[PDB]
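Novice: Here it is, the structure, as C-alpha cells.
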Amino acid sequence: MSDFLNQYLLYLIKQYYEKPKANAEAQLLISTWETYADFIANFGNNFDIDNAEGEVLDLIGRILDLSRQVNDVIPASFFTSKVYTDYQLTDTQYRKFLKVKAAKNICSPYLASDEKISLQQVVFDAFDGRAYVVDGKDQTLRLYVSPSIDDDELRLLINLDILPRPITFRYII
Amino acid sequence: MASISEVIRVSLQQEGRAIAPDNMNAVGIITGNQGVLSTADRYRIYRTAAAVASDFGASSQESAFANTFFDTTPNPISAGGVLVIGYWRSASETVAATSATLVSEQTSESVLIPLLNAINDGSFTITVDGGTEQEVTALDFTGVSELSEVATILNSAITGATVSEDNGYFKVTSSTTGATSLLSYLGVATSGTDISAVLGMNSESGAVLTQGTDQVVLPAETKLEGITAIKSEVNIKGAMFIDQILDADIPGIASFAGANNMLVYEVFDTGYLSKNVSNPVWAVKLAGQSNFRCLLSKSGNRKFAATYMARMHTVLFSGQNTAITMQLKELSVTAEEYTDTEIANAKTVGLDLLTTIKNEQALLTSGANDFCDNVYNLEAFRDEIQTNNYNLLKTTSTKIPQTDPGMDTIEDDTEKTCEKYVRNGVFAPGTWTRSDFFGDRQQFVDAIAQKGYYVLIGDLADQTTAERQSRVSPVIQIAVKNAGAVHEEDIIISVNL
Amino acid sequence: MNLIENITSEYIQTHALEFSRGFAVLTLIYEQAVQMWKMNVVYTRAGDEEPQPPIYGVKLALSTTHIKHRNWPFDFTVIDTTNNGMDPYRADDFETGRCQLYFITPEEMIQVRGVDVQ
Amino acid sequence: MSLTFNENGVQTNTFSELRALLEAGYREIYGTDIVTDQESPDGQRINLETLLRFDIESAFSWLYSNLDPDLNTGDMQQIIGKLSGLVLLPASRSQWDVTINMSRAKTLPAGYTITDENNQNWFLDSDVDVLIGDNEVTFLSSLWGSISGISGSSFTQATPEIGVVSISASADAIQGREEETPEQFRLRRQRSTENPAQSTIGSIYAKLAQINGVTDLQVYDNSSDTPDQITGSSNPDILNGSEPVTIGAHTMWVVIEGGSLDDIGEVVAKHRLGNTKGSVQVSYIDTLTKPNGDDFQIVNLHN
Amino acid sequence: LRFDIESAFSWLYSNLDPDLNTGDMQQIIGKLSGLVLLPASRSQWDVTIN
Amino acid sequence: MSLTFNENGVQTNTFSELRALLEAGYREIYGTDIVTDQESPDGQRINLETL
Amino acid sequence: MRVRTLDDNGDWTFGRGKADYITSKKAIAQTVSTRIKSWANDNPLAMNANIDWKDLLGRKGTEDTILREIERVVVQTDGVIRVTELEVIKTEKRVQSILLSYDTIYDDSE
Amino acid sequence: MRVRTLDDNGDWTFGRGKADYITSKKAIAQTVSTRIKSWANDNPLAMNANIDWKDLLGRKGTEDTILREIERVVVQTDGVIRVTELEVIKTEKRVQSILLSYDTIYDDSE
Amino acid sequence: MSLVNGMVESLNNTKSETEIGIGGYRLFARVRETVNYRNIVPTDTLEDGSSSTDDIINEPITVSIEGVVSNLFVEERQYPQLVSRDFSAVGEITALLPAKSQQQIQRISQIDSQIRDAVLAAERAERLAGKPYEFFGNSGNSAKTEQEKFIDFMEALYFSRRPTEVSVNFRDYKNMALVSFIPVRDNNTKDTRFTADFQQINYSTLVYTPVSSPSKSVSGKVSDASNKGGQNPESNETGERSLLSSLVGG
Amino acid sequence: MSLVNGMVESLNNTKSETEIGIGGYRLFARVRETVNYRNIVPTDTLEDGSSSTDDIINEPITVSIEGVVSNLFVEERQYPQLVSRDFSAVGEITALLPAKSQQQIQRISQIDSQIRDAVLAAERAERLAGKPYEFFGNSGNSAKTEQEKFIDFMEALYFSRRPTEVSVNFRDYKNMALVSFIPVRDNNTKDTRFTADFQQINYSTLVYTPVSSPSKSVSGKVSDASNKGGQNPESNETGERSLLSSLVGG
C-alpha cells in the first residue's frame with residue numbers, strides 16, 4: 001500500500017473505508033489513476049540518455065542529429081533486448097555516442113571557461129570521467145583516455161566528428 | 001563598565017521549577033536499568049523531555065518513554081502534574097562503596113553570612129576515619145559574601161576531607177571510602193567562637209551524618225513488588241513498567257494498585273484476547289482489581305501505556321466538569337490494526353485499544369473492568385477528601401473539640417469537598433440504584449437524588465469509650481453516584497416502511 | 001522589467017496586463033498536487049480584435065524568458081527574493097514576496113531578441 | 001475550457017468544471033435526480049474521481065513543463081543535463097573530525113547529533129564505539145550545503161548521550177560541496193547560447209584587462225599558418241608591420257606588464273585554447289569532478 | 001477520463017520528436033538548443049525625400 | 001534620487017532612501033525576512049550606518 | 001431523488017444500473033440513516049459534512065447536543081419534514097441508544 | 001524572521017554569515033529577551049523603543065505597571081501569541097525576580 | 001423565498017454546551033440578552049391577486065448583550081472551552097509531487113521555515129476565525145485583574161475588525177460583528193456594566209460551488225478561476241528592476 | 001483587517017499608576033465614566049460566500065466622564081505626578097559642524113538667545129503635548145479656590161484646541177480631544193457637576209517611516225521630503241523690498 005493509494009483513500013468518508021466492496025472499488029479507481037501517477041514519476045527515470053533503449057535512443061538521436069546509422073563497422077560489446085544490422089550501433093555504444101554528441105553540441109573553445117561551459121568539463125563528463133583534453137602546438141588537441149575504451153570507438157568518433165572540435169583535433173595512445 | 005544588567009537581567013529559566021508530586025497527576029515510569037537511578041536514588045522528578053534525556057540519553061528506552069509521554073498534547077504537566085522515573089532492581093545492583101558524608105542544616109544565605117562576618121576566629125572539632133580529633137582555631141570568616149566562600153574556607157580547614165556547598169546545604173565528605181566514619185558533628189572546640197552550631201553541622205542540629213557504608217555492597221535481585229519502594233517514597237498515583245509484568249506476578253501488583261490508592265497501567269499483546277481463567281487480565285477483572293488498568297497493543301508497543309497514562313492523569317480537579325472520559329482522545333503513539341472479533345473481545349474482557357479508523361486514532365476503552373474514568377475519578381475523590389480533612393485538622397490553632405459542633409465542622413468540610421467534586425463533573429445527582437445506605441433511607445436517597453452526594457457522621461455517643469480517648473473522630477460515611485457519561489450511540493431509526 | 005503586483009495565493013487567478021503593444025491575459029494556475037505555477041497568456045495585438053493563438057501551461061522559473069518562442073513583444077521572468085534559486089512552488093509564494101514575477105517591457109524584449117516583432 | 005493539449009500548450013481542466021462534467025455524465029447515465037452529495041455512493045465517487053483527474057492533470061502539466069529545457073526542477077538534472085551535456089554536481093555533507101572525550105566505554109547511537117556554537121547540527125552517521133578516553137570520530141553535517149566547521153568551538157548536544165564530558169574539534173571541518181542552484185544550473189545552460197561579447201582576438205584583451213593590477217598589455221596573434229606574419233592585434237599600428245618579428249606557427253601571443261600572475265594564467269586558460277608564445281610560463285589549476293565525489297586536478301599551462 | 005489522460009501521454013511522447021512535433025511543443029523541444037523561430041521583420045524601403 | 005556629484009552640483013541622499021538602500025542590501029546579503037528593528041544587531045547597525 | 005442502494009451490511013452495489021437505485025421514501029431513509037453516520041471533520045471535500053463525533057462522544061455532557069445535532073442533520077435532509085426523537089435506554093452498559101422517528105415528505109398525500 | 005545570534009554573554013557575532021542567524025522559535029526568544037531590555041528614552045531613533053525603565057525602577061509602586069508593560073512588550077512581538085507571567089520571589093534582598101512565560105507562534109501545529 | 005428553507009437553516013446554528021460567551025469570554029454576567037429579527041415588507045398593497053408574493057426581504061439580525069464584569073466571577077455550571085484542532089492536513093495530498101534531490105528538498109525546507117514565520121500567524125487566525133478569545137488567549141499575567149482582561153479582550157476584538165461568534169442562550173450565532181461596545185463604571189460599584197450590540201454578517205454563495213467548506217489542503221484546489229483587474233506593468237516604478245544581465249545577451 | 005492587530009494595539013495604551021485625570025487634573029471625583037467603542041458594519045448581506053470579508057470599519061472611541069469638583073477634594077491613594085523629562089538632546093549630534101571663530105560663534109549664541117525666547121514656549125508645549133495640566137500648571141495663587149482651578153484649567157484645555165490624554169480606569173488614552181464640557185451648578189450644592197465627552201484622534205502613518213518616534217534632535221533629520229504648494233513670488237507685495245544696492249551693480 002504505497003503513498004499514492006493511502007493518501008487518496010482518505011477521501012473515502014468513514015462510512016465507506018471499511019465496507020469491503022466499497023474500499024475495493026475505491027482502491028480500483030485509485031490504482032488505475034496510480035499507474036498514470038507512476039508513469040509520470042518514472043518518465044524522467046526512463047527517458048534520459050542513461051536509462052534509454054531502443055526507440056527513445058533513436059528519438060534522442062534525431063534530437064541531437066545522430067542516427068544509429070554511422071555506416072561503419074565496430075566490433076561487438078560481448079560482455080536479449082534488441083538487435084540491429086552489423087553496420088549500426090548496439091544500444092550501449094549508441095547511448096554513449098549520443099552523450100558525446102550532446103557534449104559537442106554545447107562545446108566552446110575554452111578549456112576552463114569561467115563564463116560559459118568549457119570544452120574540458122563537457123568532454124570529461126561526456127565520457128563520464130574518462131577523457132582529458134590538453135592543447136597542442138599546431139592547434140593540436142591532444143586527448144588522453146582511460147584504457148576502458150577501445151581504439152575503434154574513438155578513432156570512429158574522430159572519423160565522424162562527434163567529439164567536440166573547434167577547428168583541429170587529434171588523440172593520443 | 002557598569003552594565004545595564006545590574007538594573008535589569010533577563011535570562012532563561014534554569015531549574016525545572018523544583019516542584020513536588022502533590023496533586024493527583026504525579027505519574028511514574030518504572031525502569032529497571034541501573035544507569036543513574038540506583039537504590040536510595042529510587043526516583044527522579046521531571047517536567048520536560050529534555051531533562052529526562054540529559055539524565056537518561058535519547059538512546060535509552062526510558063527517554064523514549066518520556067518522549068512518547070510528553071508528546072501527548074494534554075499531557076499531565078499541563079494540569080499540575082509531574083513525571084517521575086522509578087527504579088526496581090532488575091538484576092544484581094552493585095552499589096559502589098561510598099565515603100562518609102555530613103549534610104548540614106538548610107541555611108538561607110541571608111542569615112548565615114551576617115552571623116558569620118562578625119566571627120573573627122574559627123573553632124571546629126571534626127574527626128575523619130576516627131583519627132585524632134582535629135581542632136580548627138582560626139577561620140577569618142569576615143571576608144565572606146556567599147556560602148561558596150565559607151565552603152572553601154571549611155575545605156581548607158578540615159584536613160582529610162573535602163567540603164562543598166550545594167543548595168544551601170553543607171556537605172562534608174571524607175576522601176577514603178568504606179568504614180570512614182565522620183564521628184564528629186562539628187563539636188565544640190577548646191577555643192574560638194563556635195561556628196559549628198550556627199552552621200548546622202552540630203550534633204544537636206538536624207544534620208544528617210550518613211556514615212561511610214562498608215565497602216562495595218550487593219543488594220539482591222528484587223521482584224516487581226519492589227514498586228512498593230517507589231510508592232513508599234514518591235506518592236506516585238499512576239505507574240507503568242518498562243519491562244512487561246510477568247503473568248505470575250500480575251495479581252499481586254493488581255492487588256497493590258487497590259491497596260495503595262493508585263493506578264497501574266500495563267499492556268498485553270494479542271495472545272490475551274480470551275476470557276479463560278488462565279488469562280491474567282480476566283483474572284484481574286474477576287478479582288475486581290479495578291485499579292490495575294489493562295491495555296492492548298497488537299505489536300506489543302509498551303509505550304501505549306505511557307501515553308495512555310499521560311492522557312488520563314490530566315484533569316485539573318478544580319474547574320467545572322473537567323472530569324474527562326477516555327474514548328476517542330489523541331495519544332502519542334501510532335494506532336494498530338485490529339479485526340472486529342478481537343476488538344469485541346477486548347471490549348468484553350477489559351483491555352483498551354488505540355485502533356485506526358482512517359489514519360486517525362480512535363481510543364476505545366472497556367467497561368468490563370470498571371472504566372478508567374471511574375477508577376481514576378474515585379481515586380481522586382478519596383485523595384481529595386483525605387486532603388480536605390487533613391487540611392481542616394491542620395488549619396485550626398485549637399484542637400477541633402470532640403463536640404457535636406466539631407462533627408458538624410468536619411461533616412461540613414466533607415460536604416464542601418463533595419460539592420466541589422459534583423461541580424467537578426465526577427458525581428452527579430441521580431436515583432441511588434444500589435440497595436444499601438447509611439441512615440434514614442428516605443434521607444439518603446433524597447440527598448443523592450437532589451445533591452448527588454450524602455455525608456453522614458455518627459454522633460459521639462455511638463462510639464466506645466475505647467474509641468473516645470483514642471482521639472479518633474467517628475466514622476464518616478459518604479456516598480456518591482458517578483456521572484452518567486456516554487461512549488457509543490445506538491441510534492434506532494423508527495421504521496415506517 | 002516591472003513588477004506585476006497583486007498576485008495572491010488563490011490557485012487560479014487572472015490578471016489582465018494592459019500595455020503598449022496590445023494587451024494580454026495572464027492566467028496564473030497553481031498546481032499543488034505537484035508544486036508549480038503554470039501560466040497562460042492570450043496576447044491580443046493592439047491593431048485587431050481576435051487574439052493571437054494562446055500559450056497554455058508553462059512554468060514560472062527564475063531568470064529565464066518564458067514565452068519567447070511565441071514571438072510577441074513581451075514575456076515574464078520571475079526571480080527569487082532569497083538566494084535559494086528555487087522555482088515558485090508554494091501557493092503563497094508570491095504574496096509573501098519569496099519569489100516575484102516581472103513583466104518584460106517590449107522595449108526590453110528589443111534588447112533581448114535584438115530585433116523588433118509583430 | 002477543458003483539458004486540451006495542442007500546438008498551443010496544455011490547458012488543464014479546472015476542478016469545478018471537471019466535477020460538473022462528471023455530474024452531467026452521471027445524470028445522463030442514471031437519472032436527472034440522482035443525489036450526488038457528500039454521502040451518496042455516487043457522490044463519494046464523483047468527488048473521488050474529479051479529485052483524481054484534477055491531480056493527474058496537474059501531474060501531467062508537471063511532465064509537460066519539465067520537459068522544457070529552460071524550465072525544470074527535479075528532472076532538470078535528467079532531461080537536459082545528461083541531454084545537453086551538463087552535470088549537476090551532487091551535494092555533500094561536510095565531514096568533521098572531532099575528539100569526543102568519553103568516560104564509560106560505549107556505542108554511541110546511529111544518529112545522535114551534536115550542535116556547534118552556531119546552531120549547526122552535526123550528526124554522527126552510523127553507530128560508533130568510543131573507548132575510555134579521547135576518540136577521534138567523524139560527524140557529518142545535517143545541512144547538505146557548505147557548512148563551515150570552525151575549529152575550536154563549544155558543542156552542546158541536541159540528543160544527549162550519558163557519558164560525554166567534552167566535545168571538541170582539534171581541526172576545522174572540510175566543507176561539503178553545495179549544488180548548483182536550479183536557477184544557476186539553468187543560467188549556466190543558457191549562457192552557452194548567446195554570442196561572446198567580443199571577437200576572439202579581442203575577447204582575451206577585454207577579459208585580460210580587468211585583471212586588478214595591470215596598467216597596460218597588448219596582444220599580437222598569428223591566425224594564418226604563416227609563421228612570422230601578423231594577422232591581427234589590439235594595436236592599430238600593425239596594419240602593415242614594417243619590421244620582422246618572431247612569432248610561433250599559427251599561435252597567439254600576449255605581453256602584459258604588472259599583472260597578477262596566477263590571474264593572468266587563469267584568464268589565458270579561460271580564453272586562449274592554443275599555443276601561447278612567451279618566455280614566462282603561467283598556469284591555471286582547475287578541479288574536474290568525476291561522477292563519484294572525487295577531484296581531478298588539471299593544469300593549463302600558457303606562456 | 002482515464003483515456004483522455006493516456007492519449008495526452010501518447011501525444012506528449014509523440015511531440016518529443018523533431019520530425020513530428022508541429023506546434024508549441026516543437027519550440028519547447030527547440031529550446032533544448034538556444035534557437036527559436038525567427039521573428040517577422042518589417043520590410044525596409046530607402047527613399048529620397050526633399 | 002541619491003548622492004550624485006556632477007556638473008549639476010551635489011545631490012545629497014536623504015535619510016529614508018539611504019536607510020532603505022542599506023536595508024535592501026542586507027536583505028540581499030542575508031535573507032528577505034531578516035528582522036531589522038531597533039533591537040536586532042543588524043537593525044542597530046543599519047540605523048547607525050544610515051545615520 | 002435516486003441513490004444507490006446499499007445491501008444489508010452497508011457496502012456499495014454495482015451492476016443492475018438504474019435498478020440498484022432507491023426510488024423514494026426509502027432513499028430518504030437511507031440518506032438520513034447514513035447522514036447521521038458522517039463524522040464532521042472527515043471529508044476534506046466537506047469538513048462540516050455532518051455532526052462532529054470525535055468531539056461529541058469524547059466529551060462528557062453532550063447528550064443534549066447529540067440530540068440537537070441529530071435533529072439538525074435529519075431536518076436538513078432533502079425529503080423529511082418533522083422528527084420525533086429521544087433516548088430509550090440509559091447507557092445499558094455505557095452505550096445509550098436513542099430512538100429517532102421522522103415523517104418523510106411522503107405519507108402526507110391523504 | 002532571522003536575527004543575528006548572540007553568544008552567552010550577549011555580545012554580537014560576526015563571521016559565519018547566514019549561519020550566525022537564528023532561524024525561528026529562538027529568534028522570537030532572543031527578540032523578546034532583549035526587547036524587555038530596551039530602555040525607552042534611550043534610542044534617538046526610537047524614543048519609545050520599549051518600556052521606560054529609568055522611570056519605573058526609580059519610583060515606588062510600579063510593580064503592576066512593570067508587569068503590564070512587560071506584557072505589552074512581549075505581546076507586541078512578531079511571533080508570540082500569549083503570555084503567562086507573574087512574580088516568583090518578593091525582592092529577596094530588594095531585587096524582585098519575575099517569571100515570564102509566552103507561547104510562540106510555533107508549537108501550535110498539533 | 002421557499003417556506004422549506006425556514007426550518008432548514010433556522011437550525012443551522014446549534015448552541016454547543018460549552019457556551020462560548022462574547023467569543024469565548026464568558027467570565028462576565030449577562031444582565032440582559034436580546035436579538036432583533038427584522039424584515040422589510042414593502043408597504044403598498046401587492047399588485048396581482050394570484051402570485052405576486054415573495055416580497056419579505058430579510059434583514060441582518062442584531063444581538064444585544066448587556067452584562068457586568070467583576071474582579072471575581074464564579075461561573076456556575078459550564079464545560080471547559082477546549083482548543084479547536086488543527087485539521088488542516090486532513091486532505092493534504094503529497095507523493096505526486098516531483099522527485100527532487102537533497103538540498104534541493106532541503107532548500108525548500110529552508111524556504112518553508114522561512115515563510116512559515118510570516119504566514120502561520122494569519123493561518124492560525126483563520127483557523128480560529130469565529131472565536132477570538134482562544135486566539136488572543138487567557139491573559140496569563142497575575143498583575144492584570146479580571147477587568148483588565150475583559151477590557152483588553154474587548155479592545156482586541158474591537159480593533160481586530162474581524163467578526164466573532166456570539167452565543168445567546170439556545171443559539172451560537174456564527175458571524176457577529178461588534179457594532180457597539182459601551183462599558184460604564186458607576187461610582188457606586190467597582191464592576192463594569194457593558195452593553196454590546198453585534199450584527200450578523202450573513203452572506204450566501206452566488207456561484208456554483210460543489211464543495212461547501214473544504215480543508216485548507218484543497219480549498220485553493222477546488223477554487224474557481226479568480227479574477228483580478230487589469231494594470232499597466234510597463235508603467236510601474238516601485239519595482240523597475242533593470243533587465244537581468246543574463247537576458248540582454250540571452 | 002488582521003485579527004493579530006487586535007491584541008497588539010489593544011494594549012498599546014497602558015495606564016500608568018499615577019492616574020492622569022482629565023490630563024493631569026485629578027482633583028475631582030468621577031461620578032460616572034464611560035467609553036463608546038462603535039463600528040460601521042455595512043448592512044446588506046455580503047456578496048461572495050468565500051472571501052468577501054474585511055468589512056468592519058472602525059470608529060473614533062469616545063470617552064465620557066461626569067464628575068464633581070468641590071472646594072476641598074481629598075484624594076485617597078494616588079502617586080504624585082512628576083514632571084516629564086526634557087529628553088530633547090538625547091541624539092543631539094554636534095562636533096561635525098564647522099570650525100568658526102569667536103564672535104562668529106558668539107554671534108550665533110546671540111541669535112540663539114534671541115529666538116529661543118520666541119520658540120521655547122511652543123517647544124515646551126510639544127514636549128508636554130499629551131498632558132496639558134503640567135503645562136498650564138498648578139494655579140499657585142491662594143486667592144483662587146479649587147473650583148477656580150478646575151474651571152480655568154478646563155477653559156484653558158478647551159480654548160487650547162489641542163488634544164489631551166484622558167484616563168479611564170485601566171486605560172490612559174493618548175489623544176483625546178475635548179468634545180463637550182458641561183459644568184452645572186445646582187442651587188443646593190456648592191460643588192460643580194461636570195460632564196466631559198472626549199473623542200480619540202486616532203491617526204496612522206500612510207508613508208514609509210523607518211523610525212517610529214525619534215528625538216527632536218533627529219526628527220527633522222529623518223523626515224522625508226516635505227511638500228509645499230506653489231506660489232507666484234513675482235506677485236507679492238507684503239515684502240517687495242527693492243533690490244539690494246550691492247546687487248544692482250553686483
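Residues in the C-alpha cells are numbered from 1 in each chain, the chains being A, B, ... in the order shown, and ligands are numbered from 1 in the order shown.
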Show which residues sit within 10 Å of range 23-34 of chain E, as a PDB file with C-alpha atoms, in the first residue's frame. Count only C-alpha atoms, and ignore same-chain residues fewer than 6 positions away.
Specialist:
ATOM      1  CA  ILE A  63      17.000  15.406 -31.402  1.00  0.00           C
ATOM      2  CA  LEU A  64      20.808  15.574 -31.361  1.00  0.00           C
ATOM      3  CA  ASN A 105      26.550  20.467 -29.084  1.00  0.00           C
ATOM      4  CA  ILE A 106      27.375  22.691 -26.108  1.00  0.00           C
TER       5      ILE A 106
ATOM      6  CA  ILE C  55       0.044  29.807 -24.908  1.00  0.00           C
ATOM      7  CA  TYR C  56      -1.020  27.206 -22.366  1.00  0.00           C
ATOM      8  CA  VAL C  58       4.342  26.955 -18.950  1.00  0.00           C
ATOM      9  CA  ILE C  67       7.234  32.947 -23.795  1.00  0.00           C
ATOM     10  CA  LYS C  68       9.953  33.802 -26.260  1.00  0.00           C
ATOM     11  CA  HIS C  69       9.174  31.215 -28.910  1.00  0.00           C
ATOM     12  CA  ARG C  70       5.656  32.514 -29.358  1.00  0.00           C
TER      13      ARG C  70
ATOM     14  CA  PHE D   5      -3.030  19.595 -25.487  1.00  0.00           C
ATOM     15  CA  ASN D   6      -2.311  21.245 -28.813  1.00  0.00           C
ATOM     16  CA  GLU D   7       0.099  23.484 -30.684  1.00  0.00           C
ATOM     17  CA  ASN D   8      -0.977  25.963 -28.008  1.00  0.00           C
ATOM     18  CA  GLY D   9       0.159  24.031 -24.938  1.00  0.00           C
ATOM     19  CA  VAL D  10      -1.706  22.070 -22.285  1.00  0.00           C
ATOM     20  CA  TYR D  64       4.858  18.690 -19.959  1.00  0.00           C
ATOM     21  CA  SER D  65       6.557  21.686 -18.404  1.00  0.00           C
ATOM     22  CA  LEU D  67      10.233  18.545 -20.491  1.00  0.00           C
ATOM     23  CA  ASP D  68      11.077  22.210 -21.155  1.00  0.00           C
ATOM     24  CA  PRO D  69      14.868  22.647 -21.027  1.00  0.00           C
ATOM     25  CA  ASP D  70      14.520  26.241 -19.836  1.00  0.00           C
ATOM     26  CA  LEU D  71      12.010  25.410 -17.064  1.00  0.00           C
ATOM     27  CA  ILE D  79      16.004  15.942 -19.068  1.00  0.00           C
ATOM     28  CA  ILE D  80      18.749  18.381 -20.111  1.00  0.00           C
ATOM     29  CA  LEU D  83      20.798  15.522 -22.725  1.00  0.00           C
ATOM     30  CA  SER D  84      22.519  18.855 -23.327  1.00  0.00           C
ATOM     31  CA  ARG D 189      22.970  26.038 -19.595  1.00  0.00           C
ATOM     32  CA  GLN D 190      21.593  29.217 -21.137  1.00  0.00           C
ATOM     33  CA  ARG D 191      24.822  31.191 -21.217  1.00  0.00           C
ATOM     34  CA  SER D 192      26.153  28.802 -23.851  1.00  0.00           C
ATOM     35  CA  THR D 193      23.599  30.229 -26.287  1.00  0.00           C
ATOM     36  CA  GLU D 194      24.388  33.926 -26.663  1.00  0.00           C
TER      37      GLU D 194
ATOM     38  CA  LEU E  12       3.378  14.124 -25.373  1.00  0.00           C
ATOM     39  CA  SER E  14       4.765  11.910 -29.991  1.00  0.00           C
ATOM     40  CA  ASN E  15       5.972  15.504 -29.618  1.00  0.00           C
ATOM     41  CA  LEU E  16       9.408  14.577 -28.306  1.00  0.00           C
ATOM     42  CA  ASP E  17      10.252  14.073 -31.961  1.00  0.00           C
TER      43      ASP E  17
ATOM     44  CA  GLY I 250      20.428  35.855 -23.541  1.00  0.00           C
TER      45      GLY I 250
END
Novice: Show me which bits of chain A are within 7 Å of chain G, counting only C-alpha atoms, as a PyMOL selection string.
Specialist: chain A and resi 11+13+15+19-22
Novice: Could you save those same residues with N, CA, C and O atoms as a tab-separated table (two decimals), in the first residue's frame?
Specialist:
chain	number	residue	atom	x	y	z
A	11	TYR	N	-9.93	10.19	1.16
A	11	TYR	CA	-11.11	10.86	0.66
A	11	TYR	C	-12.34	9.96	0.68
A	11	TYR	O	-13.44	10.45	0.43
A	13	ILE	N	-15.00	8.81	2.82
A	13	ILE	CA	-15.55	9.09	4.13
A	13	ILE	C	-15.73	7.79	4.90
A	13	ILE	O	-15.78	6.69	4.34
A	15	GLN	N	-17.90	6.15	6.42
A	15	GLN	CA	-18.88	5.10	6.24
A	15	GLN	C	-18.40	4.03	5.30
A	15	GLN	O	-18.93	2.92	5.32
A	19	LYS	N	-16.24	-0.92	4.52
A	19	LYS	CA	-17.07	-1.89	3.85
A	19	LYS	C	-16.28	-2.50	2.70
A	19	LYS	O	-15.89	-1.77	1.79
A	20	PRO	N	-16.03	-3.80	2.71
A	20	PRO	CA	-15.02	-4.36	1.79
A	20	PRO	C	-15.25	-4.02	0.33
A	20	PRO	O	-14.30	-3.64	-0.36
A	21	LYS	N	-16.48	-4.15	-0.15
A	21	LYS	CA	-16.73	-3.85	-1.56
A	21	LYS	C	-16.38	-2.40	-1.88
A	21	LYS	O	-15.69	-2.12	-2.86
A	22	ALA	N	-16.83	-1.47	-1.05
A	22	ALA	CA	-16.58	-0.06	-1.33
A	22	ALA	C	-15.10	0.25	-1.30
A	22	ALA	O	-14.59	0.97	-2.16
Novice: Please identify every residue of chain A that has at least one atom no more than 12 Å from any atom of chain C, counting only C-alpha atoms, and report them as a PyMOL selection string.
Specialist: chain A and resi 4+7-8+37+40-41
Novice: Generate the output file for the selected residues, N, CA, C and O atoms, as an mmCIF file, in the first residue's frame.
Specialist:
data_model
loop_
_atom_site.group_PDB
_atom_site.id
_atom_site.type_symbol
_atom_site.label_atom_id
_atom_site.label_comp_id
_atom_site.auth_asym_id
_atom_site.auth_seq_id
_atom_site.Cartn_x
_atom_site.Cartn_y
_atom_site.Cartn_z
ATOM 1 N N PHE A 4 0.610 6.839 -2.731
ATOM 2 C CA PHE A 4 -0.491 7.363 -3.530
ATOM 3 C C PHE A 4 -1.821 6.770 -3.085
ATOM 4 O O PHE A 4 -2.771 7.497 -2.765
ATOM 5 N N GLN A 7 -2.809 7.963 0.634
ATOM 6 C CA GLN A 7 -3.277 9.333 0.789
ATOM 7 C C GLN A 7 -4.571 9.580 0.045
ATOM 8 O O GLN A 7 -5.367 10.413 0.478
ATOM 9 N N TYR A 8 -4.816 8.880 -1.055
ATOM 10 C CA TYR A 8 -6.093 9.093 -1.715
ATOM 11 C C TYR A 8 -7.245 8.418 -1.007
ATOM 12 O O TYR A 8 -8.355 8.955 -1.015
ATOM 13 N N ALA A 37 0.074 8.076 -12.373
ATOM 14 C CA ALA A 37 0.985 8.800 -11.498
ATOM 15 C C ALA A 37 2.381 8.197 -11.555
ATOM 16 O O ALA A 37 3.377 8.919 -11.682
ATOM 17 N N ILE A 40 4.115 9.091 -14.842
ATOM 18 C CA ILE A 40 4.657 10.443 -14.853
ATOM 19 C C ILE A 40 5.916 10.511 -14.010
ATOM 20 O O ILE A 40 6.906 11.140 -14.394
ATOM 21 N N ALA A 41 5.901 9.865 -12.851
ATOM 22 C CA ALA A 41 7.075 9.903 -11.990
ATOM 23 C C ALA A 41 8.278 9.233 -12.639
ATOM 24 O O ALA A 41 9.406 9.714 -12.491
#
Novice: Counting only C-alpha atoms, what is within 9 Å of residue 40 in chain F, bar same-chain residues fewer than 2 positions away, as a list in words?
Specialist: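 Here the qualifying residues turn out to be residues 35, 36, 37, 38, 42, 43, 44 and 45 of chain F; 3, 4, 31 and 34 of chain H.
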Novice: Now that the selection is made, can you save its residues with N, CA and C atoms as an mmCIF file, in the first residue's frame?
Specialist:
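New file result_18.cif:
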data_model
loop_
_atom_site.group_PDB
_atom_site.id
_atom_site.type_symbol
_atom_site.label_atom_id
_atom_site.label_comp_id
_atom_site.auth_asym_id
_atom_site.auth_seq_id
_atom_site.Cartn_x
_atom_site.Cartn_y
_atom_site.Cartn_z
ATOM 1 N N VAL F 35 15.121 40.401 10.453
ATOM 2 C CA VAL F 35 14.447 41.393 11.281
ATOM 3 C C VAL F 35 15.451 42.511 11.519
ATOM 4 N N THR F 36 15.118 43.703 11.044
ATOM 5 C CA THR F 36 15.963 44.875 11.220
ATOM 6 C C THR F 36 15.105 45.919 11.904
ATOM 7 N N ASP F 37 15.004 45.808 13.219
ATOM 8 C CA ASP F 37 14.280 46.760 14.035
ATOM 9 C C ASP F 37 15.213 47.227 15.138
ATOM 10 N N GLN F 38 14.708 48.133 15.976
ATOM 11 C CA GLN F 38 15.558 48.878 16.901
ATOM 12 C C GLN F 38 16.470 47.963 17.703
ATOM 13 N N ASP F 42 21.562 43.643 13.595
ATOM 14 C CA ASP F 42 21.501 44.210 12.259
ATOM 15 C C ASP F 42 20.705 45.496 12.233
ATOM 16 N N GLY F 43 19.579 45.550 12.938
ATOM 17 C CA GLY F 43 18.822 46.786 12.967
ATOM 18 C C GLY F 43 19.626 47.916 13.570
ATOM 19 N N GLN F 44 20.287 47.638 14.690
ATOM 20 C CA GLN F 44 21.109 48.655 15.318
ATOM 21 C C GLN F 44 22.136 49.189 14.347
ATOM 22 N N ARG F 45 22.812 48.302 13.632
ATOM 23 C CA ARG F 45 23.893 48.777 12.787
ATOM 24 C C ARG F 45 23.390 49.420 11.513
ATOM 25 N N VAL H 3 17.594 36.715 12.709
ATOM 26 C CA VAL H 3 18.261 37.723 13.527
ATOM 27 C C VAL H 3 19.610 37.158 13.929
ATOM 28 N N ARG H 4 20.622 38.019 13.996
ATOM 29 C CA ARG H 4 21.937 37.527 14.372
ATOM 30 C C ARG H 4 21.893 36.944 15.772
ATOM 31 N N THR H 31 14.543 37.795 20.528
ATOM 32 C CA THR H 31 13.991 39.117 20.296
ATOM 33 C C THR H 31 13.125 39.574 21.464
ATOM 34 N N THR H 34 15.584 40.480 24.539
ATOM 35 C CA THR H 34 16.248 41.777 24.579
ATOM 36 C C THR H 34 15.345 42.916 24.107
#
Novice: Got a sec: who's within 12 Å of residue 50 in chain F, counting only C-alpha atoms, leaving out chain neighbours fewer than 2 positions off, as a VMD selection string?
Specialist: (chain F and resid 13 to 23 42 to 48) or (chain H and resid 45) or (chain J and resid 210 to 211 221 to 222)
